[PDB]
Structures are given as C-alpha cells and as structure tokens.
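Descriptive structure summary
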There are 2 protein chains.
Amino acid sequence: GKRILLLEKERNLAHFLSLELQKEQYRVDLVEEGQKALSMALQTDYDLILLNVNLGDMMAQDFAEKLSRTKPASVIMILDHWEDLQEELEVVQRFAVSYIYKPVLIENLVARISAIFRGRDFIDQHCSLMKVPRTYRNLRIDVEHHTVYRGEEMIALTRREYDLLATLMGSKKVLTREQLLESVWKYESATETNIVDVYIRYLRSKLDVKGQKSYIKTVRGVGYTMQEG
Amino acid sequence: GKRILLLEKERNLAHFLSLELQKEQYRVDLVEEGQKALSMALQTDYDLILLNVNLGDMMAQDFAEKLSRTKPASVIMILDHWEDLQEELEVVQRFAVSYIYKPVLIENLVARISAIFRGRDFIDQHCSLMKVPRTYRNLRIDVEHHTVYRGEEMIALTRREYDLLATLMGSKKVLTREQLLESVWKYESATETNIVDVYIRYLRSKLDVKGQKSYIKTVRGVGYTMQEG
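Conventions we followed
- Residues numbered from 1 in each chain as written, not as in the entry; some residues may be left out.
- Chains lettered and ligands numbered in written order.
- Heavy atoms only, no water.
- Contact = heavy atoms within 4.5 Å.
- Buried area = accessible area lost by both parts, 1.4 Å probe.
- Salt bridge = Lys/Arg side-chain N within 4 Å of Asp/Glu carboxyl O.
- Polar contact = N/O pair within 3.5 Å; in protein donor to acceptor, adjacent residues only side chain to side chain.
- Helix = DSSP H or I, 4+ residues; strand = E, 2+ residues; numbered from the N terminus.
- Nonpolar A, V, L, I, M, F, W, Y, C, P; charged D, E, K, R; others polar.
- Disulfide = S-S within 2.5 Å.
- Buried < 20%, exposed > 50% of the residue type's maximum accessible area, 1.4 Å probe, protein only.
- Pairing = 2+ DSSP bridges.
- Axes fitted to C-alpha atoms, helices over the stretch in contact; angles between N-to-C directions.

Contacts between the two partners involve 49 residues from chain B and, on the opposite side, 49 residues from chain A. Contact between chain B and chain A buries roughly 4,600 Å² in total, counting both sides, with carbon and sulfur atoms accounting for 55%. When the buried area of chain B at its contact with chain A is split by residue, B:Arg94, B:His126 and B:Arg159 rank highest and sum to 14% of it. Our count for the chain B to chain A interface comes out at five salt bridges. A salt bridge links A:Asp163 to B:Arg120; its shortest N-O distance comes to 2.8 Å. Linking chain B with chain A are 21 residue pairs in polar contact. Of all elements in the fold, only α5 (89–95), α6 (106–124), α7 (159–170), α8 (177–184) and α9 (194–207) of chain B reach the threshold of two or more residues within the side of chain B that touches chain A. If you tally residues by element for the side of chain B that touches chain A, the top one is α6(B), at eight residues. Within the side of chain B that touches chain A, the residues separate by chemical class into 21 nonpolar, 15 polar and 13 charged.

This part takes up the state of the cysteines. Across all of its chains, the model carries one disulfide over all chains by this definition. Residue A:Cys127 pairs covalently with B:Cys127 via a disulfide, S to S 2.0 Å. Classification of the bridge connecting A:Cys127 and B:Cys127 rests on its S-S torsion, roughly -90 degrees, and on that basis the disulfide is left-handed. Of this pair, A:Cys127 sits in the loop between α6 (106–124) and β6 (135–136) while B:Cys127 sits in the loop between α6 and β6 (135–136), on two different chains. When sorted by exposure, A:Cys127 lands in the same class as B:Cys127, which is buried.

Another aspect to go through is the sheet that holds strand β5 (residues 98–102) of chain A. Residues and elements named next belong to chain A. Strand order in the open sheet made by the five strands is β2-β1-β3-β4-β5, with parallel pairing throughout. The open sheet has two free edges, formed respectively by β2 (27–31) and β5, since each of these has just one partner strand. Mean inter-strand twist for the sheet, computed between neighbouring axes without regard to direction, equals 20 degrees. The strands that α6 touches are β1 (3–7), β3 (48–51), β4 (76–81) and β5; relative to β5, the one it contacts most, it runs at about 180 degrees.

As structure tokens, then:
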C-alpha cells in the first residue's frame, strides 16, 4: 500500500480526494499544517506528498528544501489554481515531480498519481531497455505472444523454457549457470544451479532436430549459449 | 493490475487466499470447475493460473496441454499436498512455472507469486542483465535511498533528476530525448521532448564543478549520455 501525505487547503476537496485515493488502496495521511506535514515527512517515508504552492505557515518551496536536506529525492506533487502555480512555476518545476491545476476532477488526479507511482516503480527495477533478438537460425520469436516457431511449426515452449531461450539469445557472451539462475529465476531466491540443466534439457528436447546441430551450446567449462548452425 | 485464475479445491483456503491476493491489488477470478477454468484461460490472458494437480473434471496436465495449443507459455503454478504432487512431479515440473506444497501459509504463497510476477516482467520488459550502476567517475549512487554523492558531499538531486541520472548511467549507448521521455516519464504520456533538455540542465547545475568536464554529454543531434572525465 503506497503512502501519501496530503495537505490540501480546500477541506471539501481534501475529504473527497482522500476517499478516492483510499479506494485505490493507498494509505492517506491527511494533514493541515505545513510544519506538521514536514515533521511527518521527516519521520516517515511517503511515496507521494501532495501540496499546494503555499502551505499556510510556509511555502512548498521551503518545505521541499528543508525536507531535501535528508530526503533529497522526495516525491512532491503540487496541486493549485492557475495564478498561484503560474507565479511560482519555475521553482515548482525544480522541486516537484509533477503539478496539476485546480479546478480538478478527482479521477484525473488519482490517475496522474497512479502514473507517477508506476513510473517510480519502473525506475526502481533498474531496467535498462535493450534490443530484443527475434530470430536465431530458423527460429522465429513472437515476443508479444510469447511463442516460438521453428520454420513454420509452433514450438510449445513453456514459460520457463521461453524465458531461458530469450535469456540465452539476449546475450552474446556465454552465460554461467549462476547468471541463468539470476535471470530466469530472478527474485525467487533460487540456490541449486542444477535446475538450469534440467530446463536446458527440456529446451533442447523441444527445439533440437535430429541430424542437426543443437540450438543450445554447452560450454563444458562455464555454462551455456546459443549454438550457431 | 495482475490477473490470477484460481482453482483451489479447498474452499476455506481458496477464500482466504483470494482475499490476501486482492490486498496486493491482484485481480482474482475464483473458479471451481476445470472445464470452466480452461474456457476462461483461452478467452483472457492471465498472469498466473493457480491449480491443484487434479482439477476435478481433468488433470492439470490435461489443462496445460490443451491451453498450450493457443498459449504455450502460460504461467501455471501448482499447489498441492506432498503425495498428490510427488505422484505427478516429473510431469508438473515440465508444465508448471513453480509448485508449492500444502499445508501452506498464505503469506508465503503470495510472496512466491509476487516473485514470479516480477521475474516475468524483467524478461518481458527486455531489461539488460547487467548490475545496476552505482558509481560514475567520482559519483556514488546509493540506490536504496535514491541519493547521490560527489566525493563525500551529498548532492540533493530531486526524484526526477535522480531518475534521469540513473537512466543515463543505465545505458552504454546514447539515449534520444524520445527514449528519455519514455523511461523517466514512462506512463505520464508526456509528448514535449523539451522537458528532457530542461532537466538535463537541472542535473548539470547540481553535479557539475567549475574546471571539470560536465558529468553529462550532449551528443549534438542525437541525445544525451554520460561524460567520461
């Protein structure tokens, strides 16, 4: 459950925004004083802090600079009317992840907050996009359908097998059993590298053709890679 | 929101398992018939299908074989008692992404499903295999706290600045503004390439030092990348 700190000076809006955010299963701490919002953000890591340009007892810009002393990458979004935001736009753009104008439909606001959260979560997986190979010899990879064809024949690779093939095709360098573990079984706390050899064998038995070189190369030393034909 | 097809013969466990999965914001379709489970799996793409070894009107092995005609990389996990799973283990190991024994703690099962999901997403987003970069020149990245140090000095990068620096550091290649948009503003629908240039300048003003090369390299007419010292 993502945690949100909410200081909104229009109490009617605050109430209904809080309700809709909770409907999305976010946790909402509603607050009303700048200095108490700051003390709360210092002691609690919020996934999002939603503020107006002027908090009452301080400006959002001062809130953000103070907080930044210890939590410099804090996720702050500003919600305000046109004139208030326009007057401070340049500074808001510096400290705020995003800003949105009142008057505001709550659903558009909740939608923007969800986008920010997804975008932050994507950065947090350290996913460096790389170009995907879609052929190898007479194998065709249909990435959108997670299907594989040998010539025109669909090969019914399971998910794990599909994943193993893609990991091998994705690396020019040979991969160790350990690197394969950390790839195809990433996040699962897998220990035995012996399961790698089970699934190589499953993979070969689906792909390889008799009289032909195997599509998978065993580098007896180190690990596995794809087998040039 | 990840979608799960759940056919568990023990209705008490099924009920609580469904609730705990929903708390992670997963959508759970509870079923009780193997034939209905199959018809649902053909007509909608589930991220995970959770089954016992025997579905009642058919074996999970038959379910998987029929499904694999259309959807060969379907994500199927088997939950069952020792004797049921042991008796079918070799077969299950071929068609199932994973298996887990009853009696089972719900919290353990949710954690394993979540891991499997993240593992599929790493493959499906074509993330590089390389380790997240944590240094560049005299920069140190504390990934857990989203903080950055230049020497011993903490630089107060904003979340957006941080995400941008991470995306640049994440890629050996030059990134175009369109690529930077699609990663640092992923899901935010941004279409103005101009904002990338604005945050590059913000990043430089925080990191760069007089009489040093900039940490960021402008590649005229292409995009941006990191700047060797």
